[PDB]
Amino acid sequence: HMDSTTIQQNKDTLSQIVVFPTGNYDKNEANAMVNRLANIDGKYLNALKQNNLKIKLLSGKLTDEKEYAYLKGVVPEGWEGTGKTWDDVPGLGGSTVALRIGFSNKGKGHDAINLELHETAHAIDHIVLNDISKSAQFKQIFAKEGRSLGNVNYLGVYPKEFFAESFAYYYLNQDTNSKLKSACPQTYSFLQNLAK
């Protein structure tokens, strides 16, 4: 069902999680990113807020921020041989979350179906759920279904990436939610029980 009141409730929660950048930027698109984050189960959002995880929206490069200067010139895991570095990567998630405004869609310098959901899933995985993507249960599921969203040499190799991408499929919209259920039924059930 359409749940605009739930989206509003999660947006209110996100008002204490999202950090907007200093420069000038597409304010409507930044708002759209927060709206897409509001699709995440509010339980997870409040757990992130409890741990003081900030979702930083950026108007420049990731490596333009002081706290990510250590990534200048660094080649992401699995991107070796491409000539690309973290300077060009629009999203990072884990112990922090940082997201370049405008780069949400797949192919905008990254492979995720949605940037902000993929990166925020990393933080939920790592901060809230103590690296559940490395848990024995998820490793068994990943062994069977980890290639079934495609990108078999990336998602199919790194369980934390398969977790983050599956989470993004689960929460982006009903189409991606349905595609996940069909391609990765055990992963879908796992995320269902996790939110239950």
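One-based numbering along the sequence shown.
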Legend entry - Per the entry, higher mean C-alpha B factor between 126 to 134 and 42 to 50: 126 to 134
Inset, instruction - Between 148 to 156 and 59 to 67, point out the one with the higher average CA B-factor as the PDB entry records it. - result: 59 to 67
Inset, instruction - For the C-alpha B-factor as written in the entry, point me to the maximum among 109, 102, 76, 93. - result: 76
Inset, instruction - Taking the chain's C-alpha temperature factors as the reference, tell me which third residue 36 falls into: lowest, middle or highest. - result: lowest
Legend entry - CA B-factor ranking of residue 28, expressed as a third of its chain: middle
Inset, instruction - Pull the Cα B-factor of residue 143 out of the PDB entry and bin it into the chain's lowest, middle or highest third. - result: highest
